[PDB]
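Here the sequence shown stands for residues 32 to 293, where the numbers follow the entry's author numbering. Every residue, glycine too, gets a C-beta built ideally from N, C-alpha and C. For reference, the structure discussed in these notes is given below.
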Amino acid sequence: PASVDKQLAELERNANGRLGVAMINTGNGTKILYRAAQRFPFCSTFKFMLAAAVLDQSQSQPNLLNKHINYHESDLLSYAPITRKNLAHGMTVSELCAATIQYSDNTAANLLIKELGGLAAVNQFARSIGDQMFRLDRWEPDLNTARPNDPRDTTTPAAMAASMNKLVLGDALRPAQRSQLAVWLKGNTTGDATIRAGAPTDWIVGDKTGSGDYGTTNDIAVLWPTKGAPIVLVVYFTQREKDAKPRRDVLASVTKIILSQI
Ligand SMILES: *C(=O)[C@@H]([C@@H]1N=C(C(=O)O)[C@@H](S[C@@H]2CN[C@H](C(=O)Nc3cccc(C(=O)O)c3)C2)[C@@H]1C)[C@@H](C)O
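Pasting the structure below:
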C-alpha cells in the first residue's frame with residue numbers, strides 16, 4: 032500500500048539505510064512486502080532456522096532433545112552467557128536450543144550446528160521446507176560481518192517470513208515440535224527494543240533478534256494479537272558504514288507503521 036511504502040521509504044531514506052520487510056497476516060493471507068526479494072545478512076536470526084532444524088531431527092530421534100552435551104572451555108566464545116553459566120555441568124540439546132533462541136548464545140549455536148552434522152545440514156533443512164534463499168556459509172561469530180553486497184550468510188525477508196510461517200504456524204513440523212519452537216521464541220530475552228517495542232502492549236511477541244557490522248539490525252517475529260490470527264513480521268535493516276550503530280528504534284517504527292495498516 033502506497034501509504035506504507037512512503038512511510039517506509041522516508042524512514043529508510045532518513046536513516047540512510049536499506050530496509051527489508053515481509054509481513055504475513057495469517058488471518059486473511061494479506062502480505063506487506065518491501066525489498067522482500069532482496070538478500071540481507073541474517074546475523075543471529077539464523078538461529079531460528081537452526082533451532083527448527085534440530086526440532087525436525089528430534090521427530091525421528093526421540094532422545095535428541097534430552098541428549099546431554101558435555102562441552103568444554105575451548106567451545107566457549109566471546110558471547111556465550113548461558114553456555115558459560117553451565118560449563119561445569121553441561122547442557123541438554125533442548126537447553127542449548129532455548130539458550131541460542133532466547134539469549135543468542137553463540138557457543139550454543141555452534142554446538143547445535145555440530146550436532147546436526149555441520150553448516151550444510153542447516154541449509155539442507157531450509158531446502159526441505161521450500162526455503163530456497165537461506166544460505167549459511169560460516170560458523171558463529173564470523174557469519175555477522177554483514178559486508179556490502181556479500182551474499183554469504185544471507186536470506187530474503189520473503190523467504191524468512193515464509194519459513195517462519197510454515198514452521199511456527201503451519202505444517203512444516205509435527206505438533207509437539209512446532210509448539211516447542213513457539214515456546215522458545217515467546218521466552219526470548221533479547222527483543223524488547225525492536226518489534227516488541229512497536230506492537231501493542233496487550234500482544235504476545237515471539238522473536239529472534241540479530242545484529243552485526245554495518246549497523247545491521249534484524250528481528251523476526253510471530254505476533255499474537257488481542258483479536259484475530261497470528262502475524263509473522265520480518266524486518267532486516269543495514270547501513271552505510273562498517274561501524275554504524277544499530278538502529279533498534281527503526282525496527283520498532285517499522286512495526287508501528289505496519290500494524291497501523293492491518
Ligand atoms: C547475532 O546477531 C549476534 C548474537 N545475537 C545477538 C543478539 O541477538 O542479541 C548478538 S548482538 C547484541 C547487540 N550488540 C551486542 C554484541 O555485538 N555483542 C558481541 C558481539 C560479538 C562478540 C562479542 C563477544 O566477543 O563477547 C559480543 C549484543 C549476539 C552476540 C552475533 C553478532 O553473534
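Helix, strand or coil at residue i [DSSP, three-state]
i: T286; result: helix
i: residue 18; result: As shown, the chain starts at 32 and ends at 293. That puts residue 18 outside it, with no answer to give.
i: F71; result: strand
i: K62; result: strand
i: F268; result: strand
i: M54; result: strand
i: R209; result: helix
Within 8 angstroms, strictly: CB atoms of residue i and residue j
i: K239; j: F79; result: yes
i: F156; j: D87; result: yes
i: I113; j: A140; result: no
i: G58; j: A193; result: no
i: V266; j: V52; result: yes
i: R44; j: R66; result: no
i: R166; j: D181; result: no
heavy atom of ligand 1 below 7 angstroms from residue i C-beta
i: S135; result: yes
i: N175; result: yes
i: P172; result: yes
i: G241; result: yes
i: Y110; result: yes
i: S291; result: no
Integer-rounded CB distance, given that residue j should sit under 8 angstroms from residue i
i: residue 305; j: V124; result: This structure does not reach residue 305, given that the chain is present from 32 up to 293, and the question cannot be answered.
i: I288; j: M191; result: Not really, about 19 angstroms apart at Cβ, beyond 8 angstroms.
i: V153; j: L216; result: That pair is no contact at about 18 angstroms.
Closer than 7 angstroms: residue i CB and nearest ligand 2 heavy atom
i: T269; result: For ligand 2, the structure offers nothing, since it holds only ligand 1.
Please give the ranges of any alpha helix (DSSP H) in the segment 117-161, keeping only runs that are unbroken, at least 4 residues long and fully inside the region. 124-133, 137-147, 150-159
Contiguous beta strand (DSSP E) assignments of at least 3 residues, all confined to the segment 227-259: 235-243, 247-255
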